[PDB]
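Engineer: what's the 3D shape of this:
(chains A, B, C, D, E, F, G, H and I)
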Amino acid sequence: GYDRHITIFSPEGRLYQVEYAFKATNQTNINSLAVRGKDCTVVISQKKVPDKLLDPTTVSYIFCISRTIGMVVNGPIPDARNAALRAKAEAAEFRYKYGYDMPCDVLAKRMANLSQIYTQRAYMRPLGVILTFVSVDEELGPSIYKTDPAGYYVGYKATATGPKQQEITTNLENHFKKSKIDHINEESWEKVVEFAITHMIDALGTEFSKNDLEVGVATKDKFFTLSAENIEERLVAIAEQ
Amino acid sequence: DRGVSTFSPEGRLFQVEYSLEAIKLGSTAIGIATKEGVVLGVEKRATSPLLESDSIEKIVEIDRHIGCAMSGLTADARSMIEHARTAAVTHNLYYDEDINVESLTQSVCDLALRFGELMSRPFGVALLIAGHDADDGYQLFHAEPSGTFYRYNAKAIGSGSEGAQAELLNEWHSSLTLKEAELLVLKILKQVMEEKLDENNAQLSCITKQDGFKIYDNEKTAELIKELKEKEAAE
Amino acid sequence: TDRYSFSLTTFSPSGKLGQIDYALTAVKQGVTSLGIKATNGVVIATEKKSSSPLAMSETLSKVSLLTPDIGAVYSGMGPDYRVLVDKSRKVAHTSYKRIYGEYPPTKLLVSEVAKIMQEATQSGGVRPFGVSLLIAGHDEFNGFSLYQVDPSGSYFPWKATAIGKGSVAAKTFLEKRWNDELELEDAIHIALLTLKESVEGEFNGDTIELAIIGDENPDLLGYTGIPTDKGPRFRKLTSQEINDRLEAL
Amino acid sequence: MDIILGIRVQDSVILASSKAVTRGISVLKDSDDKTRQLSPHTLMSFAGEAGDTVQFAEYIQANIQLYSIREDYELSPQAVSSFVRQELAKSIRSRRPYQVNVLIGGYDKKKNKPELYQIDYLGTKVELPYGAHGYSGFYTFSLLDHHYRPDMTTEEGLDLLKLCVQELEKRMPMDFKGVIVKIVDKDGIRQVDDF
Amino acid sequence: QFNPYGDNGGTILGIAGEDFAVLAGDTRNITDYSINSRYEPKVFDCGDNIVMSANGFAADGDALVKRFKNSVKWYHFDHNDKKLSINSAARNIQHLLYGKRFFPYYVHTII
Amino acid sequence: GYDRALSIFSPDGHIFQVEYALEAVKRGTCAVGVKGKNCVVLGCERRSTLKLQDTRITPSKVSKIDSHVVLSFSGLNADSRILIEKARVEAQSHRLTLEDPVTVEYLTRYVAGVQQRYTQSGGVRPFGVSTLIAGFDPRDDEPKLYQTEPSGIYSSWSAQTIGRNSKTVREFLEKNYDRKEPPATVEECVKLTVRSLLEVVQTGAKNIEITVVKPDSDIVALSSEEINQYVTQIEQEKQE
Amino acid sequence: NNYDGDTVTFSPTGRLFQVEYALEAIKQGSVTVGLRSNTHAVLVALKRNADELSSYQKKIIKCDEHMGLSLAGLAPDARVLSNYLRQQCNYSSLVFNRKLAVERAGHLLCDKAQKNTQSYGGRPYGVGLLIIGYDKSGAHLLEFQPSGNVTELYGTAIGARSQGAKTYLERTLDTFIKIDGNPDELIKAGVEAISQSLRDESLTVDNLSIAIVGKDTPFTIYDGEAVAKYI
Amino acid sequence: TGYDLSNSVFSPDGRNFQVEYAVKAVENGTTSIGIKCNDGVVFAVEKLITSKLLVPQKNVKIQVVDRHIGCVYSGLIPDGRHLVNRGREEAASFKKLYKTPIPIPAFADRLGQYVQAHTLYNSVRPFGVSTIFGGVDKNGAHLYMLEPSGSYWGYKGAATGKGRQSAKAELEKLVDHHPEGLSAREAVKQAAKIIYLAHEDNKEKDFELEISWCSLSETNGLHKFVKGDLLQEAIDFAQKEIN
Amino acid sequence: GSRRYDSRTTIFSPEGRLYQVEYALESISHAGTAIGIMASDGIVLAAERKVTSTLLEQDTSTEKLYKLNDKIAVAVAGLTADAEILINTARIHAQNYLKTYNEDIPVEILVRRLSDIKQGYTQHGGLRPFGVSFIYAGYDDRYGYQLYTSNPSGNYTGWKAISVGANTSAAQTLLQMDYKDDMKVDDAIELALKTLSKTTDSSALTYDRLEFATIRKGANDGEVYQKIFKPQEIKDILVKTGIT
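Structural biologist: Numbers count the residues shown, from 1 in each chain, chains lettered A, B, ... in the order given. See below for the structure:
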């Protein structure tokens, strides 16, 4: 049973250590979701600060990888920050060597290749994280690319990750079946954020205060996260209609 | 399995303890330190009568003032002897003098705990290192694969050792002559050896300040065996 | 420091290399892919089995250009395939193009990929690749060709074949229909027919990935004025081009 | 060192090599043998920088003797000369190149033919009816060009060589203290002991 | 171009008597035509009844004396506090000096 | 680099990989060496499960290390090549630096040292080989015969045998070899050697190889016929 | 038990068994005592012979003029660690013209031992050490365990039966700490403390090892006839 | 099973048991805490007096990094020293390239990445310490706590070791009773009390209190040990509250 | 640490055998049979491909017979990918030798090198051995026509006729029955195909399941020619020797 401890094949052609790394990915009990506007890419994630001794401003699973790229992580924070540091190093190096900003999809591929290596080389363990990369790419426009512990990645019209990803996913699928377009047809990112929060509320059947969420927005030439107060203003607009 | 450098629950290194077991299976070697010299004797233990027993080399010169006898996995001793010779000669090159017997012994013992996962296992041989220097006179040390070395007035190692050591406990005193030490080594070897002791299956050697390290001829040892036989028959 | 300097694939008492057998089992579970060789071309094809409908599956390319005249498809572990495609593209340059000033012939690029796969089967501290590849290509002196590469590093040339899930059925289907007079359009038609059998759901241009090695495409070169440079022979068919051929089905 | 000559006649190869060893101001020795037997039917003479000559020659000798034992077989003169050439060609792009020029005289027992190879320190190899290194060729080649025949006997080879050495002793400014002469043929290698 | 050497002047003198020895040196340290110090000791007690001076380039001289003193310390550690005899000290210093054969200590040493 | 301690001590003070190396030696074809008064003979058993073998080219069992020394072995054939190559390289290196060919004892000590090193280096297994090394020291006429084994111990022998059924042929040599009178000719020595192998061999056919080594690099392998005359004469004195 | 195969494995209760086993080797070692006043620091060590023909194994090692130690456990490990200390004392003198603070020596030993407790292939050191010295802040005594824990003390003991000596020193604390300017009295309290750990045998002239360092006293070791005075 | 025999192995429930066992060594250690005040941080730790023979004040536990950061830990003391040695190298190399002393959040991640690295391989063992650390940088005071998994967050107050539960509840009261904040001087007094309170779970032995602080106003943003009079006054204030 | 997962590929069993070598030999016994036969005027190599398909491109396919240089070829039994690693190494050694000595490498020197490489994987490095046995057919001007085999132990031996792969016991008995020293290449061709015909696990022996090669001094005057038979040429020699 040592084929269970390291990344070698089981007799059914499976990699158990990879499968168990996916299981670690839900250990924070956080759900996240990402959607695309006409001009922007929005990512939201639940925020849970279960201890009063914590400084809540330091509790985050959203990362500013470069000027243009944001990353939300589903998984434990040590592995999340390992991935974040590496992604930051890769994006900076890419710009130095090739003279232009690393695209969201290329960074996702690169991080996915690194992950592939941990599934084939025995001395390295997979990271127990799923990485959702967002930007407004200069060639491809609003972009969502997500990586997992198998070294798989793909681009998304929208996506969700966490213990309740299925509910959010089906909710999002239902909306897009209706609208028949690959994105939220909204001018302003404020409204795309409101859409994103609204559909998370429907899908999880729970309400949010301003401290229950984390929001990241990508626009042309920048990614930024919202303060509790920008989020409050979002929540207020949702309630008043 | 388990690491080659693992401690047991009693705080002993498994591999060192096990090499000590291999040493217990070795042919016997004995040394006796006197104020006139140190004697070193060994059981040769040829495995067949067709084996030419003067090709059995278990006593070995390290330098003019230092000799060495071994017991255990004797092939393991060759790199230890090579190191000891290099260290003695190197010290003389650097300092224009003889190296101390203890310093030489310590240098050999520094090799011993250099195993891991450096060599892959401890040495499976124990050494009796005998010699003379100006500061501490005639000296005999016992060098183990644990890297410990003890100084001794007399000592036996190998398969006959705790019978031989009991004997040495009784017979050693601070006034032994060289001649008396030689007979004693011969007598205790005779005692613990399977075969009948003679000049072709045991070997003697000494180190004196004057003549340095010497391995005895078979003819010379034959005479001492004869002389032993007669003194025993005389009470 | 990688301290796994020993093989993770070894011979069992029965002579089996377990990890290779298990890699082959992972390939067996994989989505079906196939290739057919015509007189004037080769076609490779597979199903784009999308993992969620929110996934944009045109961003996941199962059929890959290796050189302008060589393409590849796989069955098994997608991430293993993706890294092999990166290495294969590179080795085509480093161990051939930077030496001879031309792209490698299909069989030698296959040889290089195969060697990489063999080494993952014997080198210290790694597992075999969990993929089988089908590699189609053209070169001047060998013409059109199609190869399969397996997790062991073994490769074989085929007239037509299939790998993954429905391969036993697909191979029997292909044996009936293959002859040495097929024209590329015939082989495409047969590929589409064969592939329909192993596909459950949707079957259209957006769920099928199909590429050909055929005529030189001067329109895809990107420049004019060098007579001897006539364009890549590898071409991926569009969603629309596949659907046009699905009415003719 | 200084003069090394070789001539390949009908059935043998003759190598002639000077005896002097000069450390600047004094002739330290007048009986130096500038040659090594590489195998029973192959001889190599050498000249060039002090120390490097003998080091290179003994290194080559050790290698050919190793090959001979490993395979229980004597390499052909052509094979030995190719091995030597490669060593010098590799050496010329070294940190410190061997500054050594050689002649290889061998009798090929398979073809039953004497062979003479001339190789300089760059790894420049040529097979010749006669050859030399240094200035020796400048004084001797006009004589060899005149008298040489491919069907000469060994004794005619030695007589033509005597004439070459006489011209060297006449016109060359340095006293090279005569030559040691060795013959390589089907029976092996021997030294002519009065010359 | 950087010149790693200098000349600090100084003159030293050792004489062996029947049952004594003296090592003497002037205490002036100079560069070129300037005096750096009128009292910079240049003869040193090294332990074990050995005195030493390494005259010439003072940086190298100081480095050598310092290394020899250290070698005396380690001789005691390694050889049961045995006294380093003068002949043994001398051979030891040869090895300290020859270790820098191709980048020498620019000094004339006397013990 | 692969570093694993494969040769390690067991609780009873045994190194099993070395002991198992000896088991590989026991399985190998029998080899014997006998010294005469002015020669040494090496005899080797050839297992006769192999006809259609081409004997011109098939690796021979006795190997010249230099022109004056030979080596034979029992155990893993592939392993023996590694030791033979190293020994040949060392013989040339000794000639190059000392300006004298190796003594038989020096060469034995070298091979034995290589074998020992492979019993306490990480990542390697011991050689499954024991050797008989025989010849004459340069400018010496006293015959030499040594034995090495996987542990790296070595020693000198008046006569000795290794490999399968060597218990039996040692039995024979111990009762038939008189030290006070070694086989005083090539003939006597070769006859005593063929007799020792006949205890164990089967057909005295091409099952038995014999190599004679005399002083001054005089080394020759006997042929099937010449051995056959020994086999012949041996059984004709038997029926008696 | 399943967790004691190497130093890189915690047990389910958070223990490191290879380290605990290393600690066990010290417990089998011969007793050694350390104690200090405000002017001096003293080591006393009971040396062990192998038998009547054998020497008594030395327990005390000088590290510098102002520092040294005594060992209990694997002696070759003490040699490795004391050699390291010699080098570090030496480095401080040569580079900074500064005698290495005893406290700093303790920190360096801790860190050296720690590395052998957190990596594959290593083993912990199997020796305990008592380090005395006199530096710019006076007399000091340190106890080192191969877990890497180093502690500053007025007095202590390690080795077999060290508990007796240790209790004695605990009662005497208020007396011996005041033995300033009298080396011989401090040593007596040391020999008395170590006596609380003897059974069967007593302190003989080849048995006893004493070392002292202080105000105007280089670290010096007394063996043989030089300890008869205290027997 | 056998999933807990080797570091970096995921169990079937996605856990790294060797890290969880490291946490047991931490829970077994003495109590250590930190309190973030108005313009600084305070660190304090319980030091068990195993014997009379321990020289008082002399086995210092709190460690400075650079000049502006304090670190304290519970668990295996040598592991904590190893982590601080690494932190000192990271701080030096940051200051060398960037000139400015390392900011506290930047320093937190340096320790975090290093501790996390020791959960990636089976050839190393996780750290058997939880570390409370922080100080003042250009954006104000920062307090952090870092676990054997590499996990860290910023805190208002923090505690670890055997008396962690007691200290936490005490720390929570302070957070509730002072939304505006605590002065550095108040924080020192409070820290002394909380260690005294938490010492119940360790009552067998007596202990020695050790406190340090970095405060913009009180220490000029440098890390200093609380000594002499100010220490005594905090010991007294603590004695009172446990009486 | 990592020791836990180490198979220890280079250890003796208690009987003094090499586990991985033995198990590699077991693997090789399921490979298609290959046969070499040495005549006075050349050498034959014949080998059977493993269970084929009608869609396999035979005329561009090679799985058993490989050229090492113009004078030396090999037949492979075992893991094909492993074989190609070793084959490329042997091709390089041959060119190194030619460059160094300006003479073609003698057959045995090549064979010994490849065998030493295999031997190394059984003694050090902790890697699995190559799952390959070779038959070497070649010519040099010292020994003339030569046949060797090597196996995963790195042991090699010379033969007049030999088989490797599946059913070697049966094959070897059949070769031993009909082989004669004065036999010629055309006779050897027939013996090789007859032997494969009888030992095959297939229903019949057809051209599409064979690879075939001869090394003849049937190259004009003192020189040697290698001929790797095309599918049509294998088909003709099956008819001509009357097997189809």
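
Engineer: Write out the residues of chain A neighbouring chain F.
Structural biologist: By the rule CB under 8 Å from any CB of the partner chain, no part of chain A lies against chain F. Backbone N, C-alpha and C define where each C-beta goes, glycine included.

Engineer: just the helices in chain A please.
Structural biologist: Secondary structure of chain A (DSSP state H): helices at A:16-24, A:77-98, A:104-120, A:165-179, A:189-204, A:228-239.

Engineer: Could I get the CA-only coordinates of the longest one as CSV?
Structural biologist: Looking back up the chat, that one is helix A:77-98. Output of helix A:77-98 as CSV, limited to C-alpha atoms (Å, rounded to 0.1, in the frame of the first residue of the first chain):
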residue,chain,number,x,y,z
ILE,A,77,-3.4,29.2,3.6
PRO,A,78,0.2,27.9,3.8
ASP,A,79,-0.2,26.1,0.4
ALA,A,80,-2.1,29.1,-0.9
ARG,A,81,0.7,31.5,0.0
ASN,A,82,3.3,29.1,-1.4
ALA,A,83,1.4,29.2,-4.7
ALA,A,84,0.9,33.0,-4.5
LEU,A,85,4.6,33.8,-4.0
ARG,A,86,5.6,31.5,-6.9
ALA,A,87,3.0,33.0,-9.2
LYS,A,88,4.3,36.5,-8.3
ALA,A,89,7.9,35.4,-9.1
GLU,A,90,6.9,33.8,-12.4
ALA,A,91,4.8,36.8,-13.5
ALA,A,92,7.7,39.3,-12.8
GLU,A,93,10.3,37.1,-14.4
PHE,A,94,8.1,36.7,-17.5
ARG,A,95,7.8,40.4,-17.9
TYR,A,96,11.6,40.8,-17.5
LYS,A,97,12.5,38.2,-20.2
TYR,A,98,9.8,38.7,-22.8
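
Engineer: Pull up the gap between the single nearest residue of chain B relative to chain I and residue B:14, please.
Structural biologist: At 6.5 Å from chain I, residue B:1 is the closest residue in chain B, using CB to the nearest CB. As judged by CB to CB, to the nearest Å, residue B:1 and residue B:14 stand 11 Å apart.

Engineer: just residue C:2 next, same as before
Structural biologist: Counting by CB to CB, the separation of residue C:2 from residue B:14 is 27 Å.

Engineer: Mind checking which of these two has more residues around it?
Structural biologist: Between residue C:2 and residue B:14, counted using other CB atoms under 10 Å in any protein chain shown, the more crowded position is residue B:14 (18 against 14).

Engineer: Tell me who's in contact with the more buried one.
Structural biologist: Residues in contact with residue B:14 (CB atoms under 8 Å, 6 or more residues apart in numbering or on different chains) are B:2, B:6-8.

Engineer: and the residue of chain D found nearest chain H, how far is that from residue D:58?
Structural biologist: Proximity of chain D to chain H (CB to the nearest CB) peaks at residue D:95, 37.3 Å away. Relative to residue D:58, residue D:95 is positioned 20 Å away (CB to CB).

Engineer: check contacts around residue 160.
Structural biologist: I'll assume chain A. Taking CB under 8 Å, 6+ apart, we find residue A:160 in contact with A:31-34, A:168-169, A:172.

Engineer: nope, chain H please
Structural biologist: Applying CB under 8 Å, 6+ apart, we find residue H:160 in contact with H:26, H:29, H:31-33, H:73-75, H:130, H:132, H:145.

Engineer: Export those residues as CSV, with columns for secondary structure and distance to chain F.
Structural biologist: Compiled in CSV, those are given as follows (DSSP: H, G, I helix; E, B strand; the rest coil; distance: CB to the nearest CB, whole Å):
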residue, secondary structure, distance to chain F
H:26, helix, 33
H:29, coil, 36
H:31, coil, 43
H:32, strand, 40
H:33, strand, 45
H:73, strand, 34
H:74, strand, 37
H:75, strand, 32
H:130, strand, 35
H:132, strand, 40
H:145, strand, 39
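
Engineer: Going by neighbour count, which of the residues you listed comes out on top?
Structural biologist: The most crowded member of those, judged by other CB under 10 Å, is residue H:32 (33 neighbours).

Engineer: how about the helices in chain G?
Structural biologist: Along chain G, counting by DSSP H, helices occupy G:17-27, G:75-96, G:102-115, G:162-176, G:183-195.

Engineer: Please see if the longest one touches chain H.
Structural biologist: Spelled out, that is helix G:75-96. No. Using CB under 8 Å from any CB, we find that helix G:75-96 stays clear of chain H, coming within 14.4 Å at best.

Engineer: thought residue H:134 was touching residue H:34?
Structural biologist: Yes. With contact defined as CB atoms under 8 Å, residue H:134 reaches residue H:34; the gap is 6.5 Å.

Engineer: joint contacts of the two?
Structural biologist: Both residue H:134 and residue H:34 are contacted by H:41, H:43, H:143, under the criterion CB under 8 Å, 6+ apart.

Engineer: The first one: how many residues sit nearby?
Structural biologist: Which is residue H:41. Count around residue H:41 with other CB under 10 Å applied: 30.

Engineer: same thing with the second one?
Structural biologist: Neighbour count of residue H:43, defined by other CB under 10 Å: 30.

Engineer: Kindly report the same for the last one.
Structural biologist: Neighbour count for residue H:143, taken as other CB under 10 Å: 29.

Engineer: Taking the centroid of chain F, which residue is nearest it?
Structural biologist: Nearest to the mean C-alpha position of chain F, by CA atoms, centre = their mean, lies residue F:132 at 2.8 Å.

Engineer: wait, that one sits on residue F:30?
Structural biologist: No. When contacts are counted by CB under 8 Å, residue F:132 is not listed as touching residue F:30 (11.0 Å).

Engineer: what does the top helix by length along chain D contact?
Structural biologist: When chain D is parsed with DSSP H, its longest helix is helix D:52-71. By CB under 8 Å, 6+ apart, the residues outside helix D:52-71 that reach it are D:1, D:34-39, D:42, D:44, D:46-47, D:73-75, D:80, D:83-84, D:87, D:98-100, D:102, F:64-67, F:85, F:88-89, F:91-93, F:95-96, I:106, I:109.

Engineer: Now list the buried members of these.
Structural biologist: Neighbour-count burial (16 or more other CB atoms under 10 Å in any protein chain shown) applied to these gives D:1, D:34-39, D:42, D:44, D:46-47, D:74-75, D:80, D:83-84, D:87, D:98-100, D:102, F:64-67, F:85, F:88-89, F:91-92, F:95, I:106, I:109.

Engineer: mind listing the helices for chain E?
Structural biologist: Secondary structure of chain E (DSSP H): helices at E:58-78, E:86-98.

Engineer: Actually, chain H.
Structural biologist: Under DSSP H, chain H gives helices at H:17-27, H:77-98, H:104-117, H:164-177, H:184-198, H:228-241.

Engineer: Looking at chain G, what residue ends up closest to chain F?
Structural biologist: Closest point on chain G to chain F, by CB to the nearest CB, is residue G:121, at 8.7 Å.
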